[PDB]
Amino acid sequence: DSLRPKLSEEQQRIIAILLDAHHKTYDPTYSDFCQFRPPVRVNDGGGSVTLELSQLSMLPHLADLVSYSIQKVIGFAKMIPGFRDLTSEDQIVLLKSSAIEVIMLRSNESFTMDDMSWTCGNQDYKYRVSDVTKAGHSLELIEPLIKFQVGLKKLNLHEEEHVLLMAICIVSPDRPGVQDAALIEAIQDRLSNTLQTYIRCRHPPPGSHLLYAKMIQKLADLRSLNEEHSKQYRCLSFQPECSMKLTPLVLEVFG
């Protein structure tokens, strides 16, 4: 039954543009991480919230990593076909509302099921759940985040699908404050059609089975993680002197 229309010339170009955009904005060697404020891991085997908030030992490093990542995501977004056709206001609304979700998606590349960490170098740049608690977050965010990373890993996405998913995540017409939802939807549909077509024509079985719907579900999971992250960030920001441990960009995007 299922027809397999071939990718159009345009669709092939969209894929190539997104792959190039990602390769220019995601360094798989994590060579810039030593430039961030250093990671510090206080002794907290008991997971004390009082101690974690008192020290926020991993916050400067993780805030720098997230801030750096937001800058890369802004650059990636600017290369998404159609993104620059949007008004500046809609572009900023889309970037601010998707930032954390795209960070969670793109981070899957360093996440490894070998030990359930984001491995970005030697021990210094190996990030574990215990590091996230040392940055002021709790299990309500961490648990679903790790579950999401593993679920995404097991989809065994082609790089083409991974970059398309990030682009679709950014160009979402259902974000609060967007003006031209119709144009945003048109841009997203062009990307979704490219993704659906790619899966049916280039993704071998059995990993291709209902893969599109699995990818769409991950976009829904991301909305939930976004909301929880926002709630936790708000509370984290109540800690006196927290602003110094963050960055101006992080403060704007999540404040």
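Just count from 1 along the sequence shown to find any residue number.
Out of the other entries of this protein with residues modelled on both sides, is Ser224 skipped in at least a third?
No; none of the other entries leave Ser224 out.
Flanks modelled, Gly207 absent in at least a third of other entries
Yes: coordinates for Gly207 absent from at least a third of the compared entries.
Determine, for stretches 113 to 121 and 173 to 181, which one has the higher mean CA B-factor as deposited.
Taking the mean C-alpha B-factor of 113 to 121 and of 173 to 181, the larger value falls to 173 to 181.
Select between 246 to 254 and 1 to 9 the stretch whose C-alpha atoms have the higher average B-factor in the entry.
Per the PDB entry, the higher value belongs to 1 to 9.
Out of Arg84, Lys72, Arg128, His158, whose C-alpha atom has the biggest B factor in the entry?
So the option with the highest C-alpha B-factor is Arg84.
Name the one of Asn226, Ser54, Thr29, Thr197 with the greatest CA B-factor according to the PDB entry.
Each of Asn226, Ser54, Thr29, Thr197 was compared by C-alpha B-factor; the highest is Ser54.
If you rank every modelled residue in this chain by C-alpha B factor, which third holds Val102: lowest, middle or highest?
Answer is lowest: the recorded C-alpha B-factor places it there.
For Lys218, return the chain-relative third of its C-alpha B-factor as stated in the PDB record: lowest, middle or highest.
Answer is middle: the recorded C-alpha B-factor places it there.
Pull the Cα B-factor of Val49 out of the PDB entry and bin it into the chain's lowest, middle or highest third.
Its C-alpha B-factor belongs to the middle third of this chain's values.
What third of the chain does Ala16 rank in for C-alpha temperature factor, lowest, middle or highest?
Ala16: CA B-factor falls in the middle third of its chain.
Please rank the C-alpha B-factors of the chain's modelled residues and tell me whether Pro38 sits in the lowest, middle or highest third.
For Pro38, whose C-alpha B-factor we compare with every modelled residue in the chain, the answer is the middle third.
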